[PDB]
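Letter by letter, the chains look like this.
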Amino acid sequence: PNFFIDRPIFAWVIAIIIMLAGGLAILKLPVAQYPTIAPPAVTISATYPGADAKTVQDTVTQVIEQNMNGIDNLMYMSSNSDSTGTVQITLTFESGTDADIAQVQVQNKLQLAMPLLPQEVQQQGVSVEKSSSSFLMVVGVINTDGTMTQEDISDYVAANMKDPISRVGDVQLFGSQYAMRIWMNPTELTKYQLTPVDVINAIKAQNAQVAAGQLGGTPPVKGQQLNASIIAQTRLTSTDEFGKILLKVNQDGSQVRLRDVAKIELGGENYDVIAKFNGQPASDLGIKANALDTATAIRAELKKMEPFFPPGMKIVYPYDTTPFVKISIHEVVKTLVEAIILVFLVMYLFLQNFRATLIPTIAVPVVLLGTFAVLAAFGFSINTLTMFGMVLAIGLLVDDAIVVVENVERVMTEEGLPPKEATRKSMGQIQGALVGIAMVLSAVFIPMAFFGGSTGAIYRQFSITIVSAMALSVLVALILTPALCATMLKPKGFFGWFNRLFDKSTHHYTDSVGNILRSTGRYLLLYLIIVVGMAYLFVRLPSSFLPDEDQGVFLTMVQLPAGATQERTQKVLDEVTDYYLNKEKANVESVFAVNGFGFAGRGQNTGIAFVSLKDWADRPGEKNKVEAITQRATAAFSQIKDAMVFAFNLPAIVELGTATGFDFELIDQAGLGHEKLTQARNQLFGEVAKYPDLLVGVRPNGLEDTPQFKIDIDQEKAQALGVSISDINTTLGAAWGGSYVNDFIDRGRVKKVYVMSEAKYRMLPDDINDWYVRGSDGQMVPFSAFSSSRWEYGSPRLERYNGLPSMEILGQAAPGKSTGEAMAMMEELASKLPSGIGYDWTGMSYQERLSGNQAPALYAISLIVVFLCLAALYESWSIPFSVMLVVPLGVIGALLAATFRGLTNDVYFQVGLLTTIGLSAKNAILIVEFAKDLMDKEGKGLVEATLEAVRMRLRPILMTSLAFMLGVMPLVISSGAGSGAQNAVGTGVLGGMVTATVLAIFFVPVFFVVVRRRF
């Protein structure tokens, strides 16, 4: 309005205020390369020392799966069961809910079922926690001295850091804590006729701590004048003085002390997990609100102890992402900077007035700040993509300002109107046009919130960003612009030539237009031909979900055959470290190799290797680039190999994996039995490999049967010999498996006690015979007495899906094939199989199929609402249609690019499409808005009004367009870190806009012409 044509500063102040607010935003908000994107998933952990997967499923898990019931938004419930007595159970809860609450919903249940359970486990640990696979980061620690061991490290740590640290979704500690370990000598127990049972018991007794009452505490006596507390034993505090743990005394008189018949050692709480950083032994932490603050408070909690470390105690940040992120963000900001400073001069071109250009110079930043303050009002996680949203906001931000600029400029110079009335005339013209364009453009991005999914939220954030940005841009366009002009604007040979040439060219081209408008059929047909090629492209699409880029690290798994060791594992893992360090040294900065932690649960035949790399400024070799490195290492690890080795990159999202892929999950409905499930499953592998035209990479994520060694016990003779079957089982377990006897103390820290057989006696079938047992009467006896032994094959893995023994199938559809038709193939093959066999999909292969294929609804709805705003501006049923025909034009321009260059589809792509769409609209909008009134209220010739409108306005349509174009260019120009997404974005919008803008100038007129002459 002109409320501000009373008052220059009132709006100056509004604006300074709003920018100040956006500035307030800078600090109080989050920072991340990505927002919260996954649904909230919960996990349960359970432990049973020394047994089978089948064992627990039949003892522990199956219970839980039975007695869970009544839990909100319970999407689904998967469960693993491994043969190290470990269970991880994952329940995903429907999107947009509260972990903090369902965690409890679930823990109450986990506690319904506990007493059903053992005392071993019930006492060991039964934990509830939350899902996070992608480790926020990692830390490693090595002994530079190279003199001590990993358990030393881990013990130090736990005594020092982990608890301070945990006060953060998860902390994981590879290794274990100092726990005392009683390595049992069986031979000498036989000598002295002892089953370990006596050992366990004597230990339970000689290591404890008990009440002592007090002296005269509660009711005293008359004249009593003293009170104190008594104290009994404590927990024995040394291996040495467990050596003193007395059992027995010989009849001769000699006693029986423990130390003489076993190794009393410090060792692992367990260790089926080992680490070596650059090959040198070390230990670690996997660490997981906020990203940067997290990192920095962590570095702080670290520094304190940094000087307090023992000698040869060095840290490492082997697996990290933060600096990557910051660098990406910083340069993506340099982007904005350069894009704006371009405009700074693009004005000077057609204005040449050091203050003809400053209103735009000024406004934009204020608007970006308004967007900051938007997300401030609503939080919404300042982060990368929501920042790209700022990038694309630019030209929208730009247009209306450029517009008013040239409007007033022409009104004054073309005619000689003082600033006030010149401007207010421009306004009497253009007031509502801008409202129109804004309401239009919003019709594109608004409809996306009602679109659901993790992508649902991606679109929510990016689009609401875009749209609020436009809102504020408009508002200011309608506030301060009107006065700035009459605030600094009074009523070359390096550019004079250019103005000359511009004037010549505009006349040449408008003349070509006057010539061609007479011809319509040919160019009319060309429009449709363009549409057809557009559809040809829309069908020739490659397709994806998101890209992945160098992040300073990557990974490689290692799988050995059934039957394995830490040793045959670690030898190979060492060959790997050797390769990476020796042949590709220049980029291989370090390595964090591991032994034990598999990717399909945990085990022995599994290993994982993290790879850390050099700086972005010293890794320019495209040949020795990230993915080519992996490529060539693969061949290196597919040649002289006797074990499977995937070697590859890190998908840069929290466990979403291949989106063109799928993960089928087969289930035994009705008591068919594990064996039949396996049979039909391998059978289906063999049967489905028949169609390598739709279905590719069909491997099971589960693992195969394995030699299980059974020891059958003949109850009869056991009873016959005065024996406790319990004594049998207990000797067995305490020797071979382990046992949580009790606790002891060290440095105010309690710690565990295990009593397990010495190593070299507990490793082989024949070793069994070395074991004896004390019958009732008292005489040591072998297992050979009553023990049968044999072999078979059973699985070490057992998975279940919501109640039921289930198996997994990792697969992918052909690239030019949706995952849906692959689901059709899978159902066709499997549903044809015997009764009792059901199935389901999951994860991606579930999520993306429950809601997919709605984006067309977005675009139809936007189309509609835009038609509406059009007729609103026009009160014309007929006119709107014309301008909508502008949609397709920019489209091809982007589409063709994806083939003109090696680029593909994603979110970014849909987004740039919608963007260029709204932009072409904006362009034609004000063109026609002019021409119409220029006809009606000037009574001009319809065609003549078109020509007048285009002539009076040709320079800015060029200006703003090309300006946004040049602002976007650098990305496509830009390479290096992050350049993946950067270029992916910069490409499509240029491609589309070039076409849209270079072409509308000839057909907007024709569209309107034919609309009017056929109506």
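Residues numbered from 1 in each chain as written, not as in the entry; some residues may be left out. Heavy atoms only, no water.

cryo-EM is the method the PDB entry states for this structure, with the resolution given as 4.6 Å.

K.L.:
When you look at the overall build of the protein chain in this model, what are you seeing that I'm missing?
P.N.:
The helix and strand tally for the protein chain stands at 32 helices and 28 strands. Along the longest, intermediate and shortest principal axes, the C-alpha atoms of the protein chain span 130 × 80 × 60 Å. Split into buried and exposed, the 1015 residues of the protein chain put 45% on the buried side. Considering the protein chain, the positive charge centre built from 79 side chains and the negative charge centre built from 92 side chains are found 7 Å apart. (Helix = DSSP H or I, 4+ residues; strand = E, 2+ residues; numbered from the N terminus. Buried < 20%, exposed > 50% of the residue type's maximum accessible area, 1.4 Å probe, protein only. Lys, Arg positive; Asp, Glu negative; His and termini not counted. Charge placed at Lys NZ, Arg CZ, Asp CG, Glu CD.)

K.L.:
It is not clear to me how the sheet that holds strand β7 (residues 178–184) should be interpreted in this structure. Could you clarify?
P.N.:
Paired through backbone hydrogen bonds, the strands of a sheet run either parallel or antiparallel to each other. Pairing within the open sheet is mixed, and its four strands lie in the order β10-β7-β22-β21. Of all strands in the sheet, those bounded by a partner on one side alone are β10 (262–268) and β21 (740–746). Averaged over neighbouring strand pairs, the angle between their axes works out to 30 degrees when direction is ignored. Judged from the seven bridges that link them, β7 and β10 form a sheet pairing that is antiparallel. In the sheet register, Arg181 faces β10, and the bridge partner there is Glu265. Against the sheet, helix α23 (residues 725–737) engages β7 and β22 (749–757), with an angle of about 110 degrees to β22. (Pairing = 2+ DSSP bridges. Axes fitted to C-alpha atoms, helices over the stretch in contact; angles between N-to-C directions. Contact = heavy atoms within 4.5 Å.)

K.L.:
Hey, could you run me through a nonpolar patch on the surface in this one?
P.N.:
A grouping of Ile9, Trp12, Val13, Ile16, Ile17, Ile18, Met19 and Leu20 is seen on the molecular surface, where their side chains present a nonpolar patch of about 740 Å² in accessible area. In this structure, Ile9 sits in helix α1 (residues 9–28). In this structure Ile9 comes out as exposed when scored by relative accessible area, which is 54%. (Patch = residues over 30% accessible without salt bridge, like charges linked within 9 Å, V, L, I, M, F, W, Y side chains within 5 Å. Areas by Shrake-Rupley, 256 points an atom, 1.4 Å probe, with all protein chains shown as cover. Salt bridge = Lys/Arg side-chain N within 4 Å of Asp/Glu carboxyl O.)

K.L.:
I would appreciate a short explanation of the pattern of salt bridges in the present structure.
P.N.:
Pairing between side chains of opposite charge can happen when their charged atoms approach one another. A complete count under the given rule lists 16 salt bridges for this structure. The partner of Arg774 in a salt bridge is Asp198, with the nearest N and O atoms 2.7 Å apart. For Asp198, a relative accessible area of 28% puts it in the partly exposed group.

K.L.:
Sorry, what's going on with the pairing of β7 here?
P.N.:
Residues in a regular strand point their side chains to alternate faces of the sheet. Most of β7 is tucked away, with seven of its seven residues classed as buried. Every second residue of β7 is oriented toward a common face, with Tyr178, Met180, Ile182 and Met184 on one face and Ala179, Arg181 and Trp183 on the other, all of them buried. The pairing of β7 with β22 spans five bridges and is classified as parallel. Along β22, the bridge assignment pairs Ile182 with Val755.

K.L.:
I keep staring at the side chain of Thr386 and nothing clicks. Help me out?
P.N.:
As for its placement among the helices and strands, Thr386 is situated in helix α13 (residues 384–413). One polar contact links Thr386 to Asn383, side chain to side chain, over a distance of 2.3 Å. Residues contacting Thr386, with those up to four places away along its chain left out, are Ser381, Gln461, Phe462 and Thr465. (Polar contact = N/O pair within 3.5 Å; in protein donor to acceptor, adjacent residues only side chain to side chain.)

K.L.:
I would appreciate a short explanation of the packing of aromatic side chains in the present structure.
P.N.:
For any pair of aromatic rings, the description consists of the separation of the ring centres together with the inter-plane angle of the planes. Under the criterion given, the structure shown has 29 aromatic pairs. Considering the side-chain rings of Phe378 and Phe380, the 5.7 Å spacing of their centres and the 15 degrees angle between planes classify their relative orientation as stacked. Among the residues examined, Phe378 registers a relative accessible area of 54% and is labelled exposed. An aromatic cluster is built from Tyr348, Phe350, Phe495, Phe498 and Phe502, whose rings are joined through pairwise contacts. Its guanidinium or amino end placed over the ring of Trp616, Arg619 lies 4.2 Å from that ring's centre, counting from NZ or CZ. The aromatic ring of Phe637 is capped on one face by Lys641, whose charged end is 4.7 Å from the ring centroid. (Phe/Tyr/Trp six-rings, centres within 6.5 Å; stacked < 30°, edge-to-face > 60°. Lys NZ or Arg CZ within 6 Å of the ring centre and 35° of its normal.)

K.L.:
Explain the layout of surface pockets to me, please; I cannot follow it from the model alone.
P.N.:
Empty space among the atoms becomes apparent when a probe as large as a water molecule is rolled across them. Of the volumes computed, that of the second largest pocket is approximately 1300 Å³. For the second largest pocket, the lining is made up of 37 residues, of which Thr506, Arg951, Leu954, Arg955 and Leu958 are closest to its centre. Only α13, α17 (496–516), α30 (942–952), α31 (955–973) and α32 (979–1013) provide two or more residues apiece to the lining of the second largest pocket. Sorting elements by how many residues they give to the lining of the second largest pocket places α17 first, with eight residues. (1 Å grid on protein atoms, 1.4 Å probe; cavity = no way out; pocket = protein on both sides within 12 Å on 5 of 7 lines; lining within 4 Å. Points joined across faces, edges and corners; volume = space filled by probe spheres on them.)

K.L.:
Could you clarify how one ought to interpret the packing of α13 against helix α14 (residues 419–445) in this entry?
P.N.:
Two packed helices can be described by the angle between their axes and the distance between those axes. Two elements in contact, α13 and α14, have axes separated by 9 Å at closest approach and are oriented at 160 degrees. The angle between α13 and α14 falls in the class roughly antiparallel. In this structure, α13 crosses over α14, and the sense of that crossing is right-handed. Only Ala422, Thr423, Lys425, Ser426, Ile430, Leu434, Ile437 and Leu441 of α14 make contact with α13, whose side of the interface consists of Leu396, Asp400, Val404, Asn407, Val408, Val411 and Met412. (Parallel < 35°, antiparallel > 145°, perpendicular 65-115°, else oblique. Left-handed = near helix turned anticlockwise from the far one by under 90°.)

K.L.:
When you look at unusual backbone geometry in this model, what are you seeing that I'm missing?
P.N.:
Excluding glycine, a negative phi dihedral is what most residues carry, and trans is how most peptide bonds are arranged. Positive phi, close to 40 degrees, is recorded for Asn73, a residue that is not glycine. Of note, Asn73 is situated in the loop between α2 (53–67) and β2 (74–79). Backbone geometry at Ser381 places phi at a positive 60 degrees, although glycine is not the residue there. Residue placement: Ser381 occurs in the loop between α12 (358–378) and α13. For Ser381, a relative accessible area of 22% gives the class partly exposed.

K.L.:
What am I meant to see in helix α21 (residues 674–688) here?
P.N.:
A rise of 1.5 Å per residue sets the reference length of α21, with its 15 residues, at 21 Å; its end C-alpha atoms lie 21 Å apart and thus fit the reference within 8%. The inward-facing, buried residues of α21 contact β18 (661–668), β19 (695–699), β27 (805–813), α24 (819–830) and β28 (837–840). (Expected span 1.5 Å × (residues − 1).)

K.L.:
For this particular structure, what's the right way to read the side chain of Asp840?
P.N.:
By secondary structure assignment, the location of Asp840 is in strand β28. An unpaired buried charge is present at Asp840: no salt bridge exists, and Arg849, the closest side chain of opposite charge, is 6.1 Å distant. A polar side-chain atom of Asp840 sits 2.4 Å from a polar atom in the side chain of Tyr801. Not counting the four nearest positions on each side in its chain, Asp840 is found in contact with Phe664, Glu665, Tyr801 and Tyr846.

K.L.:
So what exactly am I meant to see when it comes to the packing of α13 against α31 here?
P.N.:
For the pair α13 and α31, the least separation of the axes is 9 Å and the interaxial angle reads 155 degrees. The angle between the axes of α13 and α31 places the two elements in the roughly antiparallel class. For the crossing formed where α13 meets α31, the hand is right-handed. Between α13, through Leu392, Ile394, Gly395, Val398, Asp399, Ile402, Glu406 and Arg410, and α31, the contact on the second element is made entirely by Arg955, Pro956, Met959, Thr960 and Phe964. Its residues assigned to classes, the contact of α13 with α31 shows seven nonpolar, two polar and four charged. (Nonpolar A, V, L, I, M, F, W, Y, C, P; charged D, E, K, R; others polar.)

K.L.:
Which parts of the structure should I look at to understand α1?
P.N.:
A turn of α-helix holds 3.6 residues, and therefore any two residues three or four places apart point the same way. Relative to the 28 Å expected for 20 residues at 1.5 Å per residue, α1 spans 30 Å between its end C-alpha atoms, a close match to the ideal helical length. Restricting attention to buried positions, one finds in α1 the residues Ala11, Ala15, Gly22 and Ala25. Axial view of α1: buried residues confined to an arc of 65 degrees, hence all on one face. What points out from α1, more than 90 degrees from its buried face, is the exposed set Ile9, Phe10, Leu20, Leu24, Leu27 and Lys28. Taken together, the buried residues of α1 touch α12. (Arc of directions from axis to C-beta.)

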